[PDB]
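J.:
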Ligand SMILES: *[C@@H]1O[C@H](CO)[C@@H](O[C@@H]2O[C@H](CO)[C@@H](O[C@@H]3O[C@H](CO[C@@H]4O[C@H](CO[C@@H]5O[C@H](CO)[C@@H](O)[C@H](O)[C@@H]5O)[C@@H](O)[C@H](O[C@@H]5O[C@H](CO)[C@@H](O)[C@H](O)[C@@H]5O)[C@@H]4O)[C@@H](O)[C@H](O[C@@H]4O[C@H](CO)[C@@H](O)[C@H](O)[C@@H]4O)[C@@H]3O)[C@H](O)[C@H]2NC(C)=O)[C@H](O)[C@H]1NC(C)=O
Ligand SMILES: *[C@@H]1O[C@H](CO)[C@@H](O[C@@H]2O[C@H](CO)[C@@H](O[C@@H]3O[C@H](CO)[C@@H](O)[C@H](O)[C@@H]3O)[C@H](O)[C@H]2NC(C)=O)[C@H](O)[C@H]1NC(C)=O
Ligand SMILES: *[C@@H]1O[C@H](CO)[C@@H](O[C@@H]2O[C@H](CO)[C@@H](O[C@@H]3O[C@H](CO)[C@@H](O)[C@H](O)[C@@H]3O)[C@H](O)[C@H]2NC(C)=O)[C@H](O)[C@H]1NC(C)=O
Ligand SMILES: *[C@@H]1O[C@H](CO)[C@@H](O[C@@H]2O[C@H](CO)[C@@H](O[C@@H]3O[C@H](CO)[C@@H](O)[C@H](O)[C@@H]3O)[C@H](O)[C@H]2NC(C)=O)[C@H](O)[C@H]1NC(C)=O
Ligand SMILES: *[C@@H]1O[C@H](CO)[C@@H](O[C@@H]2O[C@H](CO)[C@@H](O)[C@H](O)[C@H]2NC(C)=O)[C@H](O)[C@H]1NC(C)=O
Ligand SMILES: *[C@@H]1O[C@H](CO)[C@@H](O)[C@H](O)[C@H]1NC(C)=O
Ligand SMILES: *[C@@H]1O[C@H](CO)[C@@H](O)[C@H](O)[C@H]1NC(C)=O
């Protein structure tokens with residue numbers, strides 16, 4: 017009735033075609049179900065659950081489960097971590113050993129660099145057209161989650177994922193307790209680690225900007241699964257069975273989640289609410305999670321905090337479902353269904369129009385406070401040399417009654433300084449007035465409004481993201497995405 | 050049973066100044082029931098006129114002895130009142146045409162102008178025309194496929210604008226428009242029309258014999274695929290052919306001794322071309338022209354007493370067909386085991402037998418596999434054939450599949466159909482107006498549908514959910530199904546009852562009763578694409594044996610919608626696609642603009658669907674706006690190629706690899722009934738049309754007359775040549 | 640709304656002149672019959688030159 | 022600059038720690054020393070917090086100070102300093118400035 | 739001093755002068771009702787706006803003056819913006835000089851159904867809109883003088 | 144077509160003035176008038192500061208019926224001012240139109256009284272209704288060819304144009320011309336009215 | 749230069765800002781006031 021109407025997709029079963037699998041199947045190593053989506057090749061996706069499905073289409077047709085061809089001894093075929101490298105290759109962590117799979121071909125490759133058993137593969141993928149961040153998407157970390165930093169080995173690769181070399185332990189000599197992951201924080205152009213000394217945990221930064229520096233500590237009950245937002249803005253989501261946290265910064269401040277109900281907000285603790293989140297889907301700006309007691313929650317993740325509302329009820333949870341953001345404002349619940357008469361899996365899909373969904377009078381959400389937000393800086397990526405400045409522009413038309421407050425910010429303030437002017441020019445035929453804001457960007461040192469503890473060198477290149485947003489934007493502003501661009505000094 | 054009529058065919062004119070003629074038929078009648086705003090003349094008469102000035106919806110019902118249903122009719126204030134009338138004449142010596150145009154008001158026009166039989170304007174039309182020249186209104190004609198305009202001269206002594214026009218046969222679609230000068234708060238609507246060479250219907254020699262359908266069978270009708278109002282209709286008593294919308298008709302007969310009397314009453318199917326007519330008499334194909342009645346035989350590549358059907362194209366892709374510069378098949382016949390592709394001049398070779406298809410479909414051989422119906426899809430160079438598969442027989446259930454054949458690649462493909470049907474049911478299928486093949490088929494008791502790339506496959510069902518149409522029409526079998534460019538599909542019953550379907554919509558609509566149970570009727574198209582019902586009855590004075598009346602399908606659908614409670618999800622959807630065929634060379638791209646306007650946050654978008662062998666890249670730029678409680682989304686897309694031919698090997702091979710034709714269609718995300726938008730479907734071809742070349746200035750072929758030459762050149766080559 | 644019309648004095652084909660009274664250094668800033676005679680002579684010269 | 026655009030909330034609480042006055046307004050007094058002012062972002066929680074300041078000082082955002090007379094205009098910038106230890110923004114201005 | 743370019747009156751120009759193929763345009767902008775159109779208006783590829791709010795132009799002495807008009811609709815702002823371009827037809831008004839060849843001709847611009855009913859009520863009274871007559875004089879105006887360099 | 148834009152001037156009107164500095168006071172403005180025209184539309188509007196005052200238009204054009212006697216005072220060449228605006232004159236009479244050229248009439252003439260051969264000739268747009276008694280004898284034609292049987296000294300169809308002025312008493316058209324220098328010449332300055340069209 | 753923006757029904761003919769001078773004898777004030785499409789009032793004053 018409401019939200020989704022189910023629709024079943026199945027092909028290839030027109031006639032008596034004898035198709036059979038060959039080898040040992042692939043299965044996930046966790047109770048939850050996930051959908052990993054490639055950044056710009058968004059048609060290619062991997063559903064990880066009781067069976068693993070690699071689709072080149074957007075989960076159309078009937079997909080055979082991913083299989084190991086037994087030519088190499090993989091032991092137990094349990095997947096712990098998956099990653100998408102640039103090209104036609106996908107990386108899996110099977111039984112502690114790394115493997116590469118080509119999906120255009122049917123090629124399996126064994127990663128020979130790693131010796132000690134790792135559990136997780138991490139990296140960042142930029143796919144702006146060019147040759148700049150193709151090299152950025154080649155630095156990858158291989159590490160074992162839950163280990164002890166004194167004693168354990170961590171590997172890295174700069175030639176994509178061909179050969180893996182262990183890094184020296186001199187840098188990580190003074191960190192004591194258990195590691196929670198090591199990340200190439202390209203928003204900071206830094207290297208960060210998540211560290212669990214006690215029931216609470218924190219973040220450590222290596223490189224000279226804020227070297228030997230700390231972030232605000234946060235509780236670390238059980239393990240955590242860490243999800244980056246794919247626009248290099250540093251937005252971080254840390255979720256597990258009984259907790260969820262959002263880091264608006266790159267790990268400097270990690271905070272809780274708000275919940276909106278009857279025009280009042282409250283902090284959401286999963287354990288105290290006595291719920292269990294089953295699936296998590298993350299867009300560039302949005303976030304959603306399915307709670308296993310047939311519940312769906314949608315939130316807009318931004319600065320000042322994240323507001324999360326509860327969507328109307330629908331019996332969606334069926335022990336195999338997984339949510340994924342098909343598009344902005346378009347969620348999709350996917351459930352694979354087996355079929356032994358043809359030895360194949362078909363799919364059931366719900367296309368959730370959240371924009372149409374959030375108009376129920378029981379919710380009564382105030383409409384959007386901004387009428388138009390448009391700029392031309394989202395198409396490409398911008399580089400700066402020293403003694404060179406650049407300018408970007410944006411146009412915003414606000415609502416008739418409200419008075420929204422825009423704000424522009426830089427991911428990495430240490431090597432990127434801005435000055436933004438917002439001037440009013442003209443007005444629309446209704447009477448609402450256009451506002452034009454232009455930002456001027458250069459290096460942080462040349463401004464001279466920072467300390468020596470904050471400038472953090474000028475001779476080294478770096479990378480950051482510039483974002484224009486509305487500070488007091490309400491919910492239901494799904495389509496009016498804030499503007500973001502990538503700029504390398 | 051009652052109905053109503055209006056003076057004008059075009060429904061844009063329909064407003065408060067119009068009159069509605071209400072006609073009730075029945076033994077019992079009392080009066081008419083109307084709202085207070087509208088008025089009826091002689092309210093105690095079953096035939097009357099209705100005038101109403103206040104806008105809105107009005108509920109009218111004829112009160113009588115029995116139960117008569119009420120009807121809600123919408124009258125809206127409009128500023129478009131007047132209409133164009135045109136009269137053509139053709140000269141062949143100059144190979145051109147001359148048209149005479151004047152302005153007439155449908156409310157106060159002559160009878161002949163209302164039926165398109167006038168040659169001279171009446172008094173009111175002439176005075177209004179000279180008033181429009183005085184206030185300064187001038188028409189002009191604009192060809193659609195290629196953007197050329199033609200202007201008239203001054204007004205003659207009587208109200209008439211005379212325009213000369215080249216004889217094209219490639220851009221047959223034209224519009225006529227005018228300036229923005231209005232008279233007394235009333236405008237004139239633009240008029241769309243088509244014209245090509247005037248075709249001649251055949252004559253009848255004395256001593257000939259009629260060709261009829263078997264007795265008790267329904268009456269058949271077939272028309273030309275490109276230009277309407279030129280058709281042939283077969284009844285139980287006569288075969289008629291019309292150069293018009295059956296205003297004037299001529300009989301079609303056969304020479305003596307060619308066919309038996311029993312054979313002459315066993316005519317199964319008829320197809321009409323410009324060259325001649327084709328009859329399927331008892332499984333044998335006969336070609337009737339103005340000269341002879343020749344029976345096709347093995348010399349032309351057909352089998353005898355084995356043909357079960359034939360078909361032609363259904364969408365006028367005349368521009369691509371003319372620009373292909375290669376004569377292709379114009380007809381496809383099927384004989385349950387073999388298909389044939391009939392070209393021009395009515396001779397052909399066999400296309401495919403069932404053995405090759407059995408080999409193609411990996412069947413285990415010695416199976417009952419049959420071909421039963423072949424249709425030309427919207428893509429010009431492919432065809433589709435319905436395959437019936439027994440699956441080791443011994444039951445009544447047969448699998449129904451589709452197989453497509455591509456003439457450009459000479460290949461075959463099997464699609465996804467999972468239909469199980471009994472032995473008895475016969476099937477007839479049609480393609481809808483879409484780039485993606487969407488199939489509507491019927492088996493004289495049910496209608497099933499295949500939408501959205503053969504994924505939404507099922508049975509069209511009633512709102513009650515019976516899914517059987519004979520039960521709601523007292524046990525009778527499906528007679529006629531008509532599609533159109535818009536996407537509304539009309540199912541006509543032999544009981545003469547009415548069902549309505551919309552493309553990409555599963556639920557059907559049972560229309561109200563408009564025509565008698567016993568009436569011999571057929572549904573056809575006028576000069577425009579509106580619905581007309583033709584009534585045939587013998588035992589008359591030869592002048593009213595065929596009477597045509599229009600059908601207000603849009604108004605009846607609106608009344609049904611006010612009964613039900615549906616609405617269109619989007620306010621508006623605009624696009625800049627003004628053509629159907631787009632051809633560009635290596636160095637140009639194509640830019641398409643579109644926009645949707647809808648309520649506040651019912652999240653929509655524009656679906657772009659493609660078909661063919663993709664050789665292009667898309668770039669899409671989106672703009673979003675909210676204003677006055679409404680959302681506007683604007684899309685700009687660009688199609689282009691990004692290949693290089695410099696310093697490469699196999700240049701011609703890459704040139705052939707990067708050529709072909711593409712089909713694109715634009716549509717909203719979700720749409721329902723009461724959305725009268727036309728879905729834009731077009732085709733884009735890359736390559737040369739073989740009509741563009743290079744001339745040196747000052748040179749021409751035969752502006753300079755000369756004679757034969759001869760010369761010898763020697764000792765200067767790279773010994774003695776005489777050229 | 641009516642917009643983008645030509646400004647009237649350059650399209651309706653008119654010719655314009657200005658003539659302002661002279662600055663008087665009196666504290667009250669009032670004129671006299673003498674200075675208005677001077678102003679009349681000045682506006683006469685303007686019309687003559689026109 | 023829209024004068025009656027609408028102002029209803031005081032987002033900042035600043036103090037020079039020399040003379041305390043009503044917390045509903047910011048009154049500062051200038052003497053021979055450097056005018057030293059500590060200021061914080063007042064919100065639903067009226068106490069100073071290290072979370073909001075760290076959020077602000079991550080996008081390269083620092084407060085600005087406009088002093089105006091009937092004939093004079095001047096602007097002063099809070100320095101960008103890491104939020105590792107501090108709680109409120111601080112600025113000291115020489116008197117000759 | 740003599741006023742070449744200044745900041746004069748706003749609104750409609752009073753009268754016009756034309757000479758041998760020159761022209762002028764007026765751009766009109768109408769703002770419609772909040773719910774002036776329904777979903778039933780979505781009948782074609784482009785919205786038909788003439789049935790509810792249409793703009794018309796009538797000419798007198800039509801065989802010497804040509805008018806071309808063109809609309810555009812923005813339903814988000816409930817606006818229709820149209821340009822009317824009026825050009826000389828290069829005939830009539832026989833060859834003369836300065837003040838002889840001119841013939842007077844009044845064209846009418848209007849929006850349909852507006853005249854009489856609608857009114858701009860401002861402070862201190864109300865003014866009639868929807869219907870405005872502009873006169874042009876064809877021929878050649880004053881001001882155009884020839885001199886020797 | 145030419146226009147002149149000026150700003151007015153302040154003028155302390157001369158008198159006893161018991162006050163010291165500020166006193167009776169009235170703005171004054173020059174008055175140009177070019178050669179070749181009569182119709183002068185004057186437009187008065189505020190500078191922009193001060194109390195609000197509206198915008199007005201006036202017409203002081205070219206009153207040209209004026210003769211000077213030996214004593215040196217104004218006199219109408221058409222007639223003499225000798226009557227009183229009694230309210231009785233048009234307390235029951237109907238509404239009478241006013242005919243002149245489309246814009247170029249520098250004067251205005253209107254009669255149509257009960258029985259008095261008087262008009263309401265005035266400059267401007269009857270802002271200043273100065274009555275007049277015409278010095279035109281009261282004549283009536285004779286017989287046979289003619290009949291008109293009732294003088295009724297009430298100028299019916301009192302029309303005018305630039306220069307000439309036309310009145311119609313009973314079957315008698317009389318035509319006057321005002322002296323209008325800088326328009327044509329001194330020439331057709333009429334001595335007095337003339338019965339024309341014999 | 750100033751811009752004046754109405755928030756309700758605005759007086760189109762009468763300008764909404766009246767300006768007064770304390771001492772007109774020492775200062776010369778030339779004012780221009782024009783209107784926008786949406787009745788936004790642009791004014792500018794030159795003082796010498
Ligand atoms: C189920 O419903 C079916 C649908 O109605 C029924 O079919 C009907 O059958 C009837 C008889 O079985 C048919 O009736 C015959 O019609 C002949 C037509 O002749 C001409 O008719 C037109 C128009 O007819 C009507 O006009 C009025 C006008 O207001 C309309 O309101 C009305 O709806 C209807 O359309 C007339 O205008 C003609 O008059 C002249 O026509 C000239 C053009 O040629 C024109 O220039 C001129 O100005 C005149 O207008 C004609 O009259 C009638 O002629 C038949 O009458 C007979 O005529 C012959 C020869 O003229 C006479 O010798 C004889 O005595 C008798 O008068 C007869 O009425 C009906 O047409 C048909 N319906 C249709 C749509 O065709 C079916 O029967 C129903 N079944 C059951 C079981 O109920
Ligand atoms: C192609 O050939 C035909 C031959 O009929 C041409 O039609 C003829 O065109 C001429 C020229 O206009 C007509 O002569 C005059 O036309 C004027 C039109 O205003 C009319 O007022 C005169 O009385 C006279 O008729 C001639 O009548 C017409 N023929 C007919 C039968 O009407 C046609 O113009 C040619 N087209 C081209 C493109 O060359
Ligand atoms: C509409 O549906 C049809 C039916 O599925 C789609 O046609 C399908 O297209 C894909 C891709 O071209 C074909 O996949 C093929 O797979 C083989 C290996 O199995 C590979 O070698 C080929 O190169 C190709 O990738 C698939 O066979 C084909 N299906 C059929 C029945 O022919 C079509 O793509 C759909 N259209 C759209 C716009 O989605
Ligand atoms: C009608 O047009 C005529 C011709 O332009 C005007 O008459 C001329 O006016 C000018 C200046 O007003 C006179 O010039 C003056 O001449 C005297 C005597 O020589 C000299 O002392 C002055 O310094 C000045 O130069 C000119 O003589 C006069 N011409 C004639 C024939 O009278 C006349 O003013 C126009 N009408 C009106 C109402 O302005
Ligand atoms: C980075 O350096 C700055 C230098 O100004 C440090 O600022 C200190 O601020 C406190 C309080 O205002 C003063 O008492 C100290 O004297 C300042 N330090 C110095 C060296 O002058 C700032 O605390 C430093 N931050 C970090 C994280 O080291
Ligand atoms: C690391 O930080 C310390 C102080 O925190 C500083 O003295 C040292 O120079 C830093 N080293 C590097 C390599 O950044
Ligand atoms: C005060 O002025 C000096 C001299 O220009 C400058 O260096 C210093 O930064 C100023 N202080 C502040 C707080 O701006």
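Protein chains in written order, with PDB author numbering: chain A, 17 to 505; chain B, 50 to 767, 773 to 777; chain C, 640 to 689; chain D, 22 to 118; chain E, 739 to 887; chain F, 144 to 341; chain G, 749 to 796. Where is the CB? At the ideal position from N, CA and C, for every residue including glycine.
1. Anything in the segment 677 to 689 of chain C with a Cβ closer than 7 Å to a Cβ of chain F? List those residues in chain order, please.
2. My output table needs one value for residue 111/B: the three-state DSSP class, helix, strand or coil.
3. List in chain order the residues whose CB is within less than 5 Å of at least one heavy atom of ligand 4.
4. Going along the segment 755 to 771 of chain G in order, which residues come within less than 9 Å of chain A, judged by CB to CB distance?
5. Could you tell me which chain C residues have their CB closer than 7 Å to the CB of residue 750/E, listed as they occur along the chain?
6. Let me know the secondary structure DSSP gives residue 230/F once reduced to three states.
7. Starting from residue 611/B, follow the alpha helix (DSSP H) in both directions and report where the run begins and ends.
T.: Let me spell this out:
1. 678, 679, 682, 683, 686, 689
2. Mapped onto the second chain, residue 111/B falls at position 62. Of the three classes helix, strand and coil, the one that applies to residue 111/B here is strand, per DSSP.
3. 178/F, 325/F
4. none
5. As a working note, residue 750/E is residue 12 in the fifth chain. Under the 7 Å cutoff, chain C gives 641, 644.
6. Along the sixth chain, one-based indexing puts residue 230/F at 87. Helix.
7. For the purposes of this step, residue 611/B is taken as residue 562 along the second chain, with counting starting at 1. Element bounds for residue 611/B: 602 to 613.
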